[PDB]
Amino acid sequence: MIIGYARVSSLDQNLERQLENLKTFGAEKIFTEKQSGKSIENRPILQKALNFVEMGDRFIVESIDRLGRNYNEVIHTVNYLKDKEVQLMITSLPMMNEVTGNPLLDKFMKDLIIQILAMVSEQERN
Amino acid sequence: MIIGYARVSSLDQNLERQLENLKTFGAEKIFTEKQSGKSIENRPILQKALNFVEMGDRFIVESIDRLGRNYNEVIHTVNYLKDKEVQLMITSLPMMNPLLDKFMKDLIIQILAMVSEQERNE
Amino acid sequence: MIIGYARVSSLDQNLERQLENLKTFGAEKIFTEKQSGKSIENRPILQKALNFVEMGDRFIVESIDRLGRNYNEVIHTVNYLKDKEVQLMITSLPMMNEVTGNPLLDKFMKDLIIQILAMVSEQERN
Amino acid sequence: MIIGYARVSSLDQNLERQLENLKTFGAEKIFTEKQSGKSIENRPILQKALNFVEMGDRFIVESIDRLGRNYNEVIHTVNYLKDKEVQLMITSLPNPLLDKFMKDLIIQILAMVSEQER
């Protein structure tokens, strides 16, 4: 199945765009939430969403910053899905998942990319 | 507390150098083994070391290549110690703004993990 | 135009393994050289290929270690193609232009990987 | 000889304190300019500073963003200094082979972040 997760710190942000952008990439069931991306511990909707998907499903976010503005927690979450055999996918970056160059180098590539975005997320909340 | 780990593919490699290298940085209980670092099933010795550490301890190795040559397993081994709050350190590359520094420390270990696998492939 | 370049330090290496590669990817004018890859200063044929290329042209090779086995020199050679506005594309590493879907992150990702390979090229040398 | 470079978009920002930071780490001759770091084409005082430095000298700034907010141009400048053999220090951020690669990467990250803000 294809699960999506949205998030907004306020209604100042365009959430209809965000939700529509998810459904564009085949978002089947979407878990919406309203909270600052400062931590997951206070985000139960995400905890439920992460617990919903099982071996085979796909996780969709509009961006890593929508997942969380916390390098430690995001990368920890990305590893959780990775271990749970659930492909994380980002709509803003619809190429990161395609690459068929070299299996080893493709894993390393994706890791660095997610790590870089995860950093900018926590660096930007400042 | 300190806990070291060593490994060699054969008895042709300088095993003593690695042991002394770990002893140098204050290794107390070193876990040695003779096995190819292609998988972790062959090395329960590592599992016994990962179950040895607690919190505030420090697991050390001469290099990432000695720890393992599998990118997916190595990074998983790093994340093992990460979530247990166990300080990981490399003898060859001892790296002792936190955000940028932690990102950099991770990124380098990822590179060392990758190169370790690419050496075996060729 | 597409220009190629090959290099070997010793015939111990299968030179033909390197020749047939460039010719496959539509190389019109290929150069060949036999020199130690520790320095670019003593490699004239390489420099002649760099003096022949122009704007809009494309420069191709087998790998980074064939452009030299010195980090500072290789990176200097790449930037020489940046400033001269010649697209560099390795055949060994099957990476495509536009890695993710954002020029900046693509710019960073391109440079990062080239720098990594240059390090591996010097790591094998030493 | 150590040379410095300070820049601001307007006098609204703290310029003097930036100059204090430069002269601290040993900024002898300092070039100061008032313009956005969007481009180097509209920054001739930065042209003077880059043409002044030479082999053995040193170029320093408060941060990379002061040097520019354009990944393409910022990376060219650092390489230009690498060609002139002029070490580029950063006030905000003060194994040899690794150290080279490790430094260059830090610059590229900071250079990237600096553009993303603009």
# chains A, B, ... in the order shown; residues from 1 in each chain; ligands from 1
$ interface_residues --of "chain B" --to "chain C" --cutoff "12 Å" --atoms "only C-alpha atoms" --output "PyMOL selection string"
chain B and resi 107-108+110-112+114-116+118-119+122
$ interface_residues --of "chain D" --to "chain C" --cutoff "12 Å" --atoms "only C-alpha atoms" --output "PyMOL selection string"
chain D and resi 69-73+75-83+85+95-117
$ residues_around --residues "residue 38 of chain C" --least-positions-apart "5" --cutoff "10 Å" --atoms "only C-alpha atoms" --output "VMD selection string"
chain C and resid 9 43 65 67 to 71 73 121 to 122 125
$ write_last_selection --atoms "N, CA and C atoms" --output "short mmCIF file (atom, residue, chain, number, x, y, z; two decimals), in the first residue's frame"
data_model
loop_
_atom_site.label_atom_id
_atom_site.label_comp_id
_atom_site.auth_asym_id
_atom_site.auth_seq_id
_atom_site.Cartn_x
_atom_site.Cartn_y
_atom_site.Cartn_z
N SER C 9 49.71 3.57 -17.15
CA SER C 9 51.06 3.72 -16.61
C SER C 9 51.95 2.58 -17.06
N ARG C 43 52.21 15.33 -18.07
CA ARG C 43 51.28 14.72 -19.01
C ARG C 43 50.81 15.74 -20.05
N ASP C 65 40.60 7.92 -11.81
CA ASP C 65 42.00 7.51 -11.66
C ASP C 65 42.76 7.60 -12.98
N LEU C 67 42.24 10.19 -15.00
CA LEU C 67 42.46 11.62 -15.15
C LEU C 67 43.62 12.05 -14.25
N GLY C 68 44.11 11.12 -13.44
CA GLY C 68 45.19 11.38 -12.51
C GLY C 68 44.94 10.71 -11.18
N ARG C 69 46.02 10.39 -10.47
CA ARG C 69 45.93 9.80 -9.14
C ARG C 69 46.42 10.79 -8.08
N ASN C 70 45.99 12.04 -8.23
CA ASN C 70 46.26 13.07 -7.25
C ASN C 70 45.03 13.95 -7.07
N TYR C 71 44.54 14.02 -5.84
CA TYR C 71 43.31 14.75 -5.53
C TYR C 71 43.35 16.19 -6.06
N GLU C 73 45.16 17.69 -8.21
CA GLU C 73 45.33 17.82 -9.65
C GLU C 73 44.05 17.47 -10.40
N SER C 121 41.14 7.42 -5.77
CA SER C 121 42.20 7.33 -6.77
C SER C 121 43.57 7.53 -6.14
N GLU C 122 43.65 8.43 -5.16
CA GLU C 122 44.90 8.71 -4.47
C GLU C 122 45.14 7.72 -3.34
N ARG C 125 46.75 4.75 -4.91
CA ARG C 125 48.11 5.11 -5.28
C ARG C 125 49.04 4.98 -4.08
#
$ residues_around --residues "segment 73-90 of chain B" --least-positions-apart "5" --cutoff "10 Å" --atoms "only C-alpha atoms" --output "PyMOL selection string"
(chain A and resi 76+79+83) or (chain B and resi 2+4+22+38-40+46-47+50+53-65+67-68+95-96+106+109-110+112-114+116)
$ interface_residues --of "chain A" --to "chain C" --cutoff "9 Å" --atoms "only C-alpha atoms" --output "JSON, numbers by chain"
{"A": [92, 93, 94, 95, 96, 97, 99, 100, 101, 102, 109, 112, 113]}
$ write_last_selection --atoms "N, CA, C and O atoms" --output "compact mmCIF listing (two decimals), in the first residue's frame"
# COMPACT_ATOMS: atom_id res chain seq x y z
N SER A 92 9.15 16.08 -3.88
CA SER A 92 9.98 17.17 -4.39
C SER A 92 11.22 16.63 -5.09
O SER A 92 11.78 17.29 -5.97
N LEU A 93 11.64 15.42 -4.71
CA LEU A 93 12.79 14.76 -5.30
C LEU A 93 12.40 13.42 -5.90
O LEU A 93 12.66 12.37 -5.32
N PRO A 94 11.76 13.45 -7.09
CA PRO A 94 11.23 12.24 -7.71
C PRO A 94 12.26 11.49 -8.56
O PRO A 94 11.86 10.76 -9.47
N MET A 95 13.55 11.65 -8.26
CA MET A 95 14.61 11.00 -9.03
C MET A 95 15.50 10.15 -8.12
O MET A 95 16.16 9.21 -8.58
N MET A 96 15.51 10.50 -6.84
CA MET A 96 16.36 9.85 -5.84
C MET A 96 16.13 8.34 -5.77
O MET A 96 17.04 7.59 -5.39
N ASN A 97 14.93 7.91 -6.14
CA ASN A 97 14.53 6.51 -6.01
C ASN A 97 14.78 5.69 -7.27
O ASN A 97 14.80 4.46 -7.23
N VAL A 99 17.44 5.86 -9.81
CA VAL A 99 18.81 5.51 -10.22
C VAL A 99 19.14 4.02 -10.22
O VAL A 99 19.02 3.34 -9.20
N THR A 100 19.60 3.53 -11.37
CA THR A 100 19.97 2.12 -11.55
C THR A 100 21.43 2.00 -11.97
O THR A 100 21.78 1.15 -12.80
N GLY A 101 22.27 2.85 -11.41
CA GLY A 101 23.68 2.87 -11.74
C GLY A 101 24.42 1.69 -11.14
O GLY A 101 24.84 0.77 -11.85
N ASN A 102 24.59 1.73 -9.82
CA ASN A 102 25.26 0.66 -9.09
C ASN A 102 24.60 0.48 -7.73
O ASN A 102 24.52 1.44 -6.96
N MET A 109 24.46 6.91 -2.14
CA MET A 109 23.96 8.16 -2.69
C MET A 109 22.72 8.62 -1.95
O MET A 109 22.65 9.75 -1.48
N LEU A 112 23.40 9.81 1.74
CA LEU A 112 23.95 11.16 1.79
C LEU A 112 22.89 12.22 1.50
O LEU A 112 22.81 13.22 2.20
N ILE A 113 22.08 11.98 0.48
CA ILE A 113 21.04 12.92 0.10
C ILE A 113 20.06 13.15 1.25
O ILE A 113 19.79 14.29 1.62
$ atom_distance --atom1 "atom CA of residue 21 of chain C" --atom2 "atom CA of residue 64 of chain C"
14.3 Å
$ residues_around --residues "residue 1 of chain A" --least-positions-apart "2" --cutoff "10 Å" --atoms "only C-alpha atoms" --output "ChimeraX atom specification"
/A:3,26-29,53-59,86
$ atom_distance --atom1 "atom CA of residue 42 of chain B" --atom2 "atom CA of residue 30 of chain B"
17.9 Å
$ residues_around --residues "residue 34 of chain C" --least-positions-apart "6" --cutoff "8 Å" --atoms "only C-alpha atoms" --output "MDAnalysis selection string"
chainID C and resid 7:10
$ write_last_selection --atoms "N, CA and C atoms" --output "mmCIF file, in the first residue's frame"
data_model
loop_
_atom_site.group_PDB
_atom_site.id
_atom_site.type_symbol
_atom_site.label_atom_id
_atom_site.label_comp_id
_atom_site.auth_asym_id
_atom_site.auth_seq_id
_atom_site.Cartn_x
_atom_site.Cartn_y
_atom_site.Cartn_z
ATOM 1 N N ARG C 7 44.465 6.634 -20.612
ATOM 2 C CA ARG C 7 45.799 6.690 -20.019
ATOM 3 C C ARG C 7 46.160 5.386 -19.311
ATOM 4 N N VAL C 8 47.409 4.958 -19.484
ATOM 5 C CA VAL C 8 47.942 3.784 -18.797
ATOM 6 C C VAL C 8 49.378 4.036 -18.344
ATOM 7 N N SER C 9 49.713 3.565 -17.147
ATOM 8 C CA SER C 9 51.059 3.725 -16.607
ATOM 9 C C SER C 9 51.955 2.579 -17.059
ATOM 10 N N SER C 10 51.350 1.409 -17.238
ATOM 11 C CA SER C 10 52.069 0.223 -17.687
ATOM 12 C C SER C 10 51.167 -0.637 -18.566
#
$ interface_residues --of "chain B" --to "chain D" --cutoff "9 Å" --atoms "only C-alpha atoms" --output "ChimeraX atom specification"
/B:93,97,100,104,108
$ select_by_dssp --residues "chain D" --states "helix (DSSP H, G or I)" --output "ChimeraX atom specification"
/D:16-24,44-52,64-67,71-83,96-117
$ residues_around --residues "residue 30 of chain C" --least-positions-apart "3" --cutoff "9 Å" --atoms "only C-alpha atoms" --output "list in words"
residues 2, 3, 4, 5, 6, 19, 22, 23, 27 and 49 of chain C
$ select_by_dssp --residues "segment 30-60 of chain A" --states "strand (DSSP E)" --output "MDAnalysis selection string"
chainID A and resid 30:31 58:60
$ write_last_selection --atoms "C-alpha atoms" --output "compact mmCIF listing (two decimals), in the first residue's frame"
# COMPACT_ATOMS: atom_id res chain seq x y z
CA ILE A 30 -2.81 10.13 4.07
CA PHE A 31 -2.05 10.94 7.71
CA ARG A 58 5.57 2.95 0.68
CA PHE A 59 5.91 6.13 2.74
CA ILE A 60 5.35 9.48 0.99
$ atom_distance --atom1 "atom CA of residue 44 of chain C" --atom2 "atom CA of residue 20 of chain C"
22.2 Å
